[PDB]
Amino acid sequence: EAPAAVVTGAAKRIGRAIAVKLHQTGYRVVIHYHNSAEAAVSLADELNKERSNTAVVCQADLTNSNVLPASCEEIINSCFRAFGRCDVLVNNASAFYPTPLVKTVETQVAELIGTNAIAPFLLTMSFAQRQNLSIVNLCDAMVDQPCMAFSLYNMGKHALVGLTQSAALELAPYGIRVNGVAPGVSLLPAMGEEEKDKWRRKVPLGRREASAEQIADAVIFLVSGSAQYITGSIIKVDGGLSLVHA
């Protein structure tokens, strides 16, 4: 009966909003988490109270390593084990921090390129091997006007655009659509406060950040039957921010 979705990094913020909204649309969900065990379970409790046995949790470090492929295949497996099917993959988990050109660098590589790009590629491979099917990749609207000193992160997000397009092309014959949603500033990451207002003030549309829910709305669209011919598309949800010159 009901379709099932994997949302990586689903315990908090945008991944949570995505998981909730998919659930409210009648998806069963695998809430993937790495460090946020208590939040992941709490979200699962909340969803299962609403409808029994519709939410499970799955722990995995999505850092690149010789065990990343096994971890990714296990995430896809948990969805089939729990629900008998996997209809939707949302690649939301993301590491984000500066790596100035002027943690070891190879750990930074592992987290920024691994979680942002290599895990999505491995998840994509496993999702496809095990088959309205679609993947949604959480991209970044500021990819071409990147944050200063954030090269590895930026590289990881560009790689994700490449994956989005390559996977859309290759998996289209399987009926698997592949798309993305690119936030501008949503709920800031902990991060600065005078710093956060500086950003909201740049945004043409209402001088504010998205909510997580506004991100989720775009995901919900792309997975829906209203996006059945859309693949290879990346929808910016940034209130115009990427259009604003320096």
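Numbers for residues come from their place in the sequence shown, where the first is 1.
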Look at the stretch from residue 189 to residue 190 and count the residues of the deposited sequence that the entry does not model, then pick none, 1 to 3, 4 to 9, or 10 or more.
1 to 3
Between residue 145 and residue 146, how many residues of the deposited sequence have no coordinates in this entry: none, 1 to 3, 4 to 9, or 10 or more?
none
As the entry reports it, the stretch among 192 to 200 and 212 to 220 with higher mean C-alpha B factor is 192 to 200
Mean Cα B factor from the PDB record: higher for 151 to 159, or higher for 166 to 174?
166 to 174
Which one of 68, 182, 31, 185 shows the biggest C-alpha B-factor in the PDB entry?
185
Looking at the C-alpha B-factor of residue 99, is it in the lowest, middle or highest third of its chain?
middle
Using the B-factors in the PDB entry, rank residue 89's C-alpha atom against the chain and give the third, lowest, middle or highest.
lowest
Where does residue 80 sit by CA temperature factor within its chain: lowest, middle or highest third?
highest
Quick check for you: using the entry's CA B-factors within this chain, is residue 2 in the lowest, middle or highest third?
highest
What third of its chain's C-alpha B-factors does residue 24 belong to: lowest, middle or highest?
highest
